[PDB]
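Quick mapping for you: the protein sequence lines, in order, are chains B and A.
Each residue of the first sequence is one higher than the last, beginning at 3 in PDB author numbering.
Each residue of the second sequence is one higher than the last, beginning at 4 in PDB author numbering.
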Amino acid sequence: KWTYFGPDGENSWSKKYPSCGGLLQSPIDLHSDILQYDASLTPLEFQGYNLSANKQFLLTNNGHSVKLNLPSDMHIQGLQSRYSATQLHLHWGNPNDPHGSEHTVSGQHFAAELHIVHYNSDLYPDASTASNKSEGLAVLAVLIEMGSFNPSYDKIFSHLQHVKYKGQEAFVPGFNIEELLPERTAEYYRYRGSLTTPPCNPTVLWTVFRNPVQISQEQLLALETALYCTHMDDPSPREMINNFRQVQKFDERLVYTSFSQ
Amino acid sequence: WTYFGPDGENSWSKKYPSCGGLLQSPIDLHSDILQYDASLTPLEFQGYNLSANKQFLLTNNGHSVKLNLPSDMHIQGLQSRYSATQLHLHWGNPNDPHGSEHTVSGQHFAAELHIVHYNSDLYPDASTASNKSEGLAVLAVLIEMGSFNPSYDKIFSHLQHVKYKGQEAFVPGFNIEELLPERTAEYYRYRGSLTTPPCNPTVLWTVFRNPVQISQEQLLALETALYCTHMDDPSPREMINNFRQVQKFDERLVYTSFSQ
Ligand SMILES: COc1c(F)c(S(N)(=O)=O)c(F)c(NC2CCCCCCC2)c1S(=O)(=O)CCCO
Ligand SMILES: COc1c(F)c(S(N)(=O)=O)c(F)c(NC2CCCCCCC2)c1S(=O)(=O)CCCO
Ligand SMILES: [Zn+2]
Ligand SMILES: [Zn+2]
Numbered sequence: 003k004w005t006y007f008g009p010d011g012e013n014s015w016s017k018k019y020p021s022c023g024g025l026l027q028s029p030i031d032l033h034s035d036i037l038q039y040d041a042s043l044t045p046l047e048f049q050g051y052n053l054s055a056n057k058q059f060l061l062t063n064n065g066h067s068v069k070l071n072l073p074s075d076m077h078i079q080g081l082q083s084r085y086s087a088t089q090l091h092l093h094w095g096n097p098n099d100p101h102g103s104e105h106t107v108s109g110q111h112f113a114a115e116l117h118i119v120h121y122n123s124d125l126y127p128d129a130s131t132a133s134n135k136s137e138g139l140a141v142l143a144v145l146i147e148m149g150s151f152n153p154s155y156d157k158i159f160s161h162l163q164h165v166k167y168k169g170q171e172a173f174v175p176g177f178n179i180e181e182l183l184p185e186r187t188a189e190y191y192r193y194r195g196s197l198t199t200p201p202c203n204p205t206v207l208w209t210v211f212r213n214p215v216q217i218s219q220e221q222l223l224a225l226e227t228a229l230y231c232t233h234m235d236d237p238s239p240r241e242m243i244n245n246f247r248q249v250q251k252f253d254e255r256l257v258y259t260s261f262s263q
Numbered sequence: 004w005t006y007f008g009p010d011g012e013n014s015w016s017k018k019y020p021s022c023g024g025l026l027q028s029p030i031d032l033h034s035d036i037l038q039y040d041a042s043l044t045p046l047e048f049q050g051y052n053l054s055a056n057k058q059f060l061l062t063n064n065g066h067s068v069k070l071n072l073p074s075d076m077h078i079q080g081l082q083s084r085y086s087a088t089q090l091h092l093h094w095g096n097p098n099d100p101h102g103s104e105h106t107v108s109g110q111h112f113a114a115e116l117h118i119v120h121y122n123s124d125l126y127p128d129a130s131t132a133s134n135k136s137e138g139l140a141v142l143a144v145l146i147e148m149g150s151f152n153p154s155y156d157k158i159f160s161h162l163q164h165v166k167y168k169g170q171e172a173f174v175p176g177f178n179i180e181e182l183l184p185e186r187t188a189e190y191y192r193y194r195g196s197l198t199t200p201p202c203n204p205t206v207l208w209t210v211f212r213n214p215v216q217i218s219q220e221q222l223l224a225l226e227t228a229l230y231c232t233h234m235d236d237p238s239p240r241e242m243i244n245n246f247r248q249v250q251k252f253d254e255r256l257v258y259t260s261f262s263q
């Protein structure tokens, strides 16, 4: 029953989910004082991201976000283990305040954020097993700005009126997930953190790409208005808006960058 | 309660339920939520010129450094008189010297001064006022780096004597209005909360628009002089990063006394 607003909102998550009050929490504000270049942060390789358009992938409203399941033959390499994709999802604001990224850059929110969740498939047989192990998860984050219409993101957003309510599922034809990534993916921020939702496990290696992508105001409005956190038959409906966590204290961490300027 | 580890701000709501309730402070003061309000006339700071012949208690309470203030000191210009009770500060650390509580357009200032007052027309003391309607009013001064500030030094020159939790020192009276910035007529105003436990949503906030300056050495002194542990603690903890993260603030406004 955790939420982003009211008595079950984020200042209360730790009452039920102790790690949400623990160390290494995400998201964070990316600002100069805590950035340090690291020349070892070489480019990731995106393997099997080009999903067949003749296949289909499950889109689910889970009550907290909209997620797309991804196949385990999709991987990132370049890490010291190979990590396999498990799902992607988004975080966003609301129609009257389209400023719902989780990470901030120099104190500013972007309109939204995409997360592509992977797990260490060298070591673990599924993401649920990996999720409570050190470096078990690797999440890629793409900052999203209001801008031009994005046909690639629309391959997801065009299905939103079919997963309006919690528990609903739809199919999305495959497409090349690398189309959701920004330019110059070799340029990224890297840090050790956590899930940004309960149970807040501090088991995530985060990669936030330096450059944002754009989606239109109309795409953001669809994202911000189509979805509910509640079931179709709930007599107390709740709009799925503002589903981002506030940024967290650093706890002495630095953020490492693959770019020096 | 603390500002880190297991007893840090995400856990305050366990013992202090209002920390997970409504109207929480601090917040980001940013353009899209500001609205000019002509009713926001200047405050008057009365009895702020504290007698040099009196002394005022400075404490390290393990969370900040606080200076007790006398109840004859008050704000005029609100519907009720709000009498002073104490002032204190919030700051970051030398590696990231940006520890204000409020932010402006997403940016932290170096530090922030709060002068806490209570509604003495309605309530007999600050403790009684603290959980009641219209109970508290806090003035906030944003602090940045710049030239040396002799007035802030009237406080900071005492910090070494309150290095550890529980320690105290006496500060001779001075003019507290010297701690306020230029053009105090220009301010942000909103209804919010204490930024520490118990987080009561009973604070009328006034954040002055313009910051003050202190020197690099003054800011470093503030950031390095104090511990949040008692002197005999075999595991000392520096008092740094003693600010709360900004809170969500949806479907409201911060009112401004200025439009331009
Ligand atoms: C939108 O919610 C998120 C979420 F925000 C994040 S984030 N931002 O990447 O940390 C997630 F990683 C996940 N998924 C992970 C899947 C792999 C491991 C299994 C445990 C859940 C984590 C999810 S979730 O949709 O699955 C809901 C999890 C509720 O506990
Ligand atoms: C540094 O801690 C603060 C503090 F941050 C704030 S803030 N930022 O102005 O909301 C405070 F107001 C207070 N003092 C108030 C005094 C008047 C009412 C009695 C209850 C305590 C609030 C204090 S305190 O040093 O006294 C510690 C209180 C722990 O409960
Ligand atoms: Zn996420
Ligand atoms: Zn304060």
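Even for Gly, the Cβ is constructed at its ideal location relative to N, Cα and C.
Tell me residue i's beta-bridge partners as DSSP assigns them.
{"i": "residue 173(A)", "result": "60(A)"}
{"i": "residue 233(B)", "result": "DSSP lists no partner for residue 233(B)."}
{"i": "residue 43(A)", "result": "For residue 43(A), which the question treats as bridged, DSSP gives no partner whatsoever."}
{"i": "residue 303(A)", "result": "The first residue shown for chain A is 4 and the last is 263, placing residue 303(A) beyond what the model contains."}
{"i": "residue 337(B)", "result": "The displayed coordinates of chain B run from 3 to 263. Any statement about residue 337(B) would go beyond what the structure contains."}
{"i": "residue 164(A)", "result": "Looking at the DSSP assignment, residue 164(A) forms no beta bridge with any residue, so it has no partner."}
{"i": "residue 106(A)", "result": "31(A) and 111(A)"}
{"i": "residue 116(A)", "result": "92(A) and 144(A)"}
{"i": "residue 99(B)", "result": "96(B)"}
{"i": "residue 194(B)", "result": "207(B)"}
{"i": "residue 121(A)", "result": "86(A) and 139(A)"}
{"i": "residue 241(B)", "result": "230(B)"}
{"i": "residue 52(B)", "result": "178(B)"}
What residue range is occupied by the uninterrupted beta strand (DSSP E) comprising residue i?
{"i": "residue 216(B)", "result": "215-217"}
{"i": "residue 48(A)", "result": "47-49"}
{"i": "residue 69(B)", "result": "68-71"}
{"i": "residue 146(A)", "result": "139-148"}
{"i": "residue 179(A)", "result": "Taken as a continuous stretch (DSSP letters only), residue 179(A) belongs to no beta strand (DSSP E), as it is neither H nor E."}
{"i": "residue 79(B)", "result": "77-79"}
Just to confirm my understanding: we take residue i, look at its own chain, exclude 5 residues before and 5 after, and list those with CB closer than 8 Å. What are they?
{"i": "residue 148(B)", "result": "100, 113, 216, 217, 218, 219 and 222"}
{"i": "residue 40(A)", "result": "192, 258, 259 and 260"}
{"i": "residue 264(A)", "result": "In this structure chain A extends from 4 to 263, so residue 264(A) is not present and cannot be described."}
{"i": "residue 38(B)", "result": "256, 257, 258 and 259"}
{"i": "residue 135(B)", "result": "122, 125, 126 and 205"}
Could you give the first and the last residue of the continuous alpha helix (DSSP H) run that contains residue i?
{"i": "residue 209(A)", "result": "Note, residue 209(A): premise wrong, no alpha helix (DSSP H); beta strand (DSSP E) at 206-211."}
{"i": "residue 94(B)", "result": "Per DSSP, residue 94(B) belongs to no alpha helix (DSSP H); it is in the beta strand (DSSP E), 85-94."}
{"i": "residue 158(B)", "result": "153-159"}
{"i": "residue 2(A)", "result": "Any answer about residue 2(A) is impossible in this case: the structure gives chain A only from 4 up to 263."}
Measure how close the beta-carbons of residue i and residue j come, nearest whole angstrom, since I'm counting them as under 8 Å.
{"i": "residue 32(B)", "j": "residue 206(B)", "result": "Actually they do not touch by this definition, with Cβ atoms about 15 Å apart."}
{"i": "residue 83(A)", "j": "residue 122(A)", "result": "5 Å"}
{"i": "residue 141(A)", "j": "residue 94(A)", "result": "Going by Cβ atoms, the distance from residue 141(A) to residue 94(A) rounds to 17 Å, so no, they are not a contact pair."}
{"i": "residue 29(A)", "j": "residue 170(A)", "result": "Not confirmed; about 27 Å, so no contact."}
{"i": "residue 74(A)", "j": "residue 87(A)", "result": "7 Å"}
{"i": "residue 246(B)", "j": "residue 104(B)", "result": "5 Å"}
{"i": "residue 145(A)", "j": "residue 115(A)", "result": "6 Å"}
{"i": "residue 63(A)", "j": "residue 167(A)", "result": "6 Å"}
{"i": "residue 77(A)", "j": "residue 49(A)", "result": "5 Å"}
{"i": "residue 109(B)", "j": "residue 109(A)", "result": "3 Å"}
Among the residues of its own chain, which have a CB less than 6 Å from the CB of residue i, if the five just before and after it don't count?
{"i": "residue 21(A)", "result": "201, 202 and 203"}
{"i": "residue 159(A)", "result": "221 and 224"}
{"i": "residue 213(B)", "result": "184, 185 and 186"}
{"i": "residue 61(A)", "result": "70, 161, 165, 172 and 174"}
{"i": "residue 239(B)", "result": "230 and 232"}
{"i": "residue 151(A)", "result": "218"}
{"i": "residue 157(A)", "result": "177"}
{"i": "residue 111(B)", "result": "101 and 103"}
{"i": "residue 195(B)", "result": "26, 28, 206 and 208"}
{"i": "residue 180(B)", "result": "48 and 51"}
{"i": "residue 198(B)", "result": "28, 29, 104 and 247"}
{"i": "residue 119(B)", "result": "88, 89 and 141"}
Starting from the C-beta of residue i, find all residues in its chain whose C-beta is less than 7 Å away, skip the five residues before and the five after it, and write them out in chain order.
{"i": "residue 44(A)", "result": "80"}
{"i": "residue 23(B)", "result": "16"}
Could you name the residues whose beta carbon sits closer than 6 Å to any heavy atom belonging to ligand 3, keeping them in chain order?
Residues with a Cβ closer than 6 Å to any heavy atom of ligand 3, in chain order: 91(B), 93(B), 117(B) and 198(B).
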